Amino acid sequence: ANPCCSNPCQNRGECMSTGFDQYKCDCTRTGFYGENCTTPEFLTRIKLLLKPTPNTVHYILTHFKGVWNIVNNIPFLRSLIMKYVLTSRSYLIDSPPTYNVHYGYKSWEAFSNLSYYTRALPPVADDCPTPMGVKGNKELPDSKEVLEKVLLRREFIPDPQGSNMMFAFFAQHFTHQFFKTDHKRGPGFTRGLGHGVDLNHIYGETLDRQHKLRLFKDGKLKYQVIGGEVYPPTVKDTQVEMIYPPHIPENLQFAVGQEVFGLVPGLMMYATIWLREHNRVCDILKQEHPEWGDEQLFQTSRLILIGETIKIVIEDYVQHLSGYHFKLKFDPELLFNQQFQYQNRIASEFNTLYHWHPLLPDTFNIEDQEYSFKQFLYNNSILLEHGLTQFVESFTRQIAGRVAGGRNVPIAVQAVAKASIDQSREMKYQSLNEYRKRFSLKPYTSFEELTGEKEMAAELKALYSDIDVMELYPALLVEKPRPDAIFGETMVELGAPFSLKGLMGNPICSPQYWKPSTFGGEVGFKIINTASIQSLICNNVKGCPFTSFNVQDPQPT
């Protein structure tokens, strides 16, 4: 019924009904005009003929290694390119945020209510004739059929880029501070009201939980030492709520910032490393500032650990998954002469695309054990039996699974994958091709073009009939990968804007925060600017073991 159901407006123009059977497009600042915003302005058709495709740019960034080696050693050149990456990627994100699961038009409720995930594309209106708007059938294909035909793992497919379990569990640990769905309200809602990198997964979402986790001596978090090594405190000693099944011994009920981190030992490994790092930084600050009290030591260490996190995420984590020869840079100063909003709201679609469960292996291999999912889940005694050193040695050399390319969701978490499809529909997501247009990509014109193969393409065509009705989440996991890559085009071109905006939109990146005194002086500032995944593991894990996000990297002798 809604005349905007067909999504007639292009190029980020906005649709508005103007009667029961009529619409108008608002083409303001789109670069286009005309009824559906498709006639380019003169300056726009020039930029269009000059702009290279994402696959062209990706080819360039992943070849000519010798030229990038030159560029990487010319600081002004490296800065210039990183600046463009930041600004061109951030422009794709609405900031201040706009739509959410209940509001397909801008409203004060959608702007001000922080309990919602925001939305990059508005939901399909309730009174539309079909799920995607006007295209398709009265119903989308059975989600269990989609799952089983093109999503479920047969044989484990490894990641050609070499991503390991250090990478997989870093992904899970990092993202779980800002993907925290509020299930009491629904899939369109979040419990992470900080909407970004605030490290609430280490410190607690609320003040009360934080104070239970703190020692109130020297800025430190509470801890215990077992077999000479430092671990989180227990729930019995702190009274912090954690999710643990009934049979776990009290001594194994570790209490950390995020209540669900007892779920797997891989999460608890990173929780332990960052706990140790917080207390390490406290001791360094206390040496510089014998005059400081506990509160300032705590707050300043937290700011430093936020900086470390963003530094590592950009220069090690995103660096690895990008596959680029260009050396990415964490440098807030790059945006001080640019237009940029230091704020962020977590988008629902960002959460959806980050469901990388194909990363998970068939078994978790530590030392000479091959733990099944049943044995690994909620078993912190595995963590104590082997210790972190052994964990790092094993996870560094265990390959993760490929995310794009299809048929690699492990059957142990199939219910989560089915839920991803279902809840996506529940939240009235627009189609894959609408999302592609939203992020300046060419719509796919067939399923074979989407997957780059024949067999899954044929399954999908039988289930969906029209490529314009294909859904976002299953498309991301069956998409044709880039050459020898873990992801396809749609994953990179949607994820990068959310990512970079999320990272640089943090207040510590703003001019009034980004200065030595914020972090306790040059010593604290330097901890941020020299941080790396290797130095994080080196400083806080016994023996300073070698690590990396890539199984292919040789350990030196």
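If you superpose the two forms and keep the largest set of C-alpha atoms that fall within 1.5 Å, you have the rigid core. Just count from 1 along the sequence shown to find any residue number.
Larger mean CA deviation from the shown form in 6 other deposited structures of this protein [core fit; 393-401 vs 84-92]:
Comparing 84-92 with 393-401, the one that moves more in 6 other deposited structures of this protein is 84-92.
Mean C-alpha B-factor comparison - 466-474 and 341-349, higher one
If you average the C-alpha B-factors of 341-349 and of 466-474, the larger mean comes out for 466-474.
Would 245-253 or 212-220 have the larger average of its C-alpha temperature factors, as given in the entry?
Mean C-alpha B-factor is greater for 245-253.
According to the deposited entry, which of 296, 381, 206, 396 has the largest Cα B-factor?
If I rank 296, 381, 206, 396 by C-alpha B-factor, first place goes to 381.
Out of 461, 201, 195, 320, whose C-alpha atom has the biggest B factor in the entry?
Answer, based on the entry's C-alpha B-factors: 461.
When the modelled residues of the chain are sorted by Cα temperature factor, does residue 130 land in the lowest, middle or highest third?
Answer is highest: the recorded C-alpha B-factor places it there.
Consider only the C-alpha atoms of the modelled residues in this chain, order them by B-factor as the entry records it, and name the third containing residue 56: lowest, middle or highest.
It falls in the top third of the chain.
For residue 92, the third of its chain into which the C-alpha B factor falls:
It belongs to the middle third of the chain when residues are ordered by C-alpha B-factor.
Chain-wide C-alpha B factor ranking for residue 10, given as lowest, middle or highest third:
Bottom third by C-alpha B-factor.
Third assignment of residue 73 from its chain's C-alpha B-factors:
Its C-alpha B-factor, which the entry lists for residue 73, ranks in the highest third among residues of this chain.
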